[PDB]
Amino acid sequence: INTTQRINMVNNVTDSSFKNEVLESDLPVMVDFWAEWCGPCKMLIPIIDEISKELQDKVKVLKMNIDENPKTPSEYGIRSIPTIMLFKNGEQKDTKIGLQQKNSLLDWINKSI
């Protein structure tokens, strides 16, 4: 018996802190745009948690609730969720829409950084 990999925890970013935590970072940043009413989003949350650990010190992983923070998704053209957006050096680098499984998500991020 060991500690579970279900960290069930990852930092939140808001419309107030997006520039500060995402656009100003030197690390590549992955942002999971989500809401509580979105079924696929809830399936994706634990995957995002696990990937944050597997990508520690390489990619900063954050989630943004779009009910509470509608302005940032609007600015980057997000029309549906789940959306996962990758940022580097103050700009968007890549985006994918929809549930993504863990291996595919890790493959994509590693290809992108």
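All residue numbers are counted from 1 along the displayed sequence.
- Of the two segments examined, 89 to 97 and 9 to 17, it is 9 to 17 that shows the higher average Cα temperature factor in the deposited entry.
- Once the C-alpha B-factors are averaged per stretch, 49 to 57 and 65 to 73 rank with 49 to 57 first.
- When the modelled residues of the chain are ordered by C-alpha B-factor, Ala35 sits in the lowest third.
- In the PDB entry, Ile84 places in the lowest third of its chain by CA B-factor.
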